[PDB]
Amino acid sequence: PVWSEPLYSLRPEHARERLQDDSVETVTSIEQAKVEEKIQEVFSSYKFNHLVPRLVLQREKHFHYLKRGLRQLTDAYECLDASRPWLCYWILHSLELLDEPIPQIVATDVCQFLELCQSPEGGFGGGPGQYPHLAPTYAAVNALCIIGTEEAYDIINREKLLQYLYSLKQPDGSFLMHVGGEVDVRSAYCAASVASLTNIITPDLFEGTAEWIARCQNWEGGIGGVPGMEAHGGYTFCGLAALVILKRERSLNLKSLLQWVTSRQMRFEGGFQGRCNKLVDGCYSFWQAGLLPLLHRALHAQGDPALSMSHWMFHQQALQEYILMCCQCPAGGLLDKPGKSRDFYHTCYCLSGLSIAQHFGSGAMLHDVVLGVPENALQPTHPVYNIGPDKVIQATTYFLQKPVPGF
């Protein structure tokens, strides 16, 4: 019947996926077991013996939460006073995924605000008058591209942006996050993302970058913040997405990376963890799961004859079940895991990940798997930039009509 939809997480055999601590308890197993116990309770609340109602994405609640945050916030957000362009991006992208229109007035206001965040030396800062930083720069550019109007596009001072990127480029191929700032793979991705979107890439800008990123891939197969460090979904997404932009994915061992990321999906929870032996978290629905469409594209480019033509290489259904059943705040907004409070960051990435899990696309092949009521279907998102594919094409097309600053 159409009113009942069996769930992977509710199958009787699913109970066998519970943690086996081998009777050896450590802080790690204890914490993992606590999360699993809570998740099982949640899973069970969606099952009524043989009756399993379709899962529902609470669109309207999320919309109202997002709409409100786009204008004002309590002092509880003072901790994000240096990341306001991020708030703009997370909220606009969530609304975009939910196919919620952005009023022209709101759009122009966002544009004006981001213009105030733009530094005369190039790039964007966390707020008006703050020094530029690659993180909010990445967010500001993505936000402007989501709006996608000529007004939004023209706010970006491309000449200064390129000069700014140059001012952060290190001889070993890496980038500083900001002047006198720290270095890790996030910088390479932030730089590659904004430079490719705005068409300001020069032949020497990323010289050595691909090699530096490859040095960040470690024995685990994933990528760490810097060479030598532990593999993490966040840095792995940044590293591979940056390489895809640079068309240098082959610099990595794609086999060990693929096996590593697929191993990051939790057999019981269905969601993804950020690194081996740590906890499941809704935001990794994007950082980790987003690596599969990137890997698919990379392998497809090499002519891999074994690639699927209908599914990503992760459990699409299980991820949707984790997000829909465990990551939605009843009052609107999404989150890390049951018991955590909602925030715009998790709302953005949980939704971004849900969209990736619902939509497969390779070549002319398109295969959707929308769990629950059909209204759950979200707008697609680009795996590299994490903004609508339509937004990427429109922005790149617009900027490609402009010359690279100073050539």
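Quick note: we count residues from 1 along the sequence shown, nothing fancier.
| Which is higher on average in the deposited entry, the C-alpha temperature factors of 296-304 or of 250-258? | On average, C-alpha B-factors are higher across 296-304.
| Quick one: higher average CA temperature factor, 328-336 or 269-277? | According to the PDB entry, the answer is 328-336.
| field | Of the residues 377, 350, 70, 357, the one carrying the largest Cα B-factor as recorded | value | Highest C-alpha B-factor among the listed options: 70.
| Which listed residue, 99, 321, 184, 220, has the largest C-alpha temperature factor in the record? | Highest C-alpha B-factor among the listed residues goes to 99.
| said: By the recorded C-alpha temperature factor, relative to the other modelled residues in its chain, which third is residue 383 in? | reply: Tercile = lowest for this residue's CA B-factor.
| message | Looking at the temperature factor on the CA atom of residue 54, which third of the chain's modelled residues does it land in? | response | For residue 54, the deposited C-alpha B-factor lands in the middle third.
| said: Considering every modelled residue of the chain and its Cα B-factor in the PDB entry, is residue 137 in the lowest, middle or highest third? | reply: CA B-factor rank for residue 137: lowest third.
| request: For residue 314, return the chain-relative third of its C-alpha B-factor as stated in the PDB record: lowest, middle or highest. | output: Residue 314: CA B-factor falls in the lowest third of its chain.
| said: Considering every modelled residue of the chain and its Cα B-factor in the PDB entry, is residue 81 in the lowest, middle or highest third? | reply: Answer is middle: the recorded C-alpha B-factor places it there.
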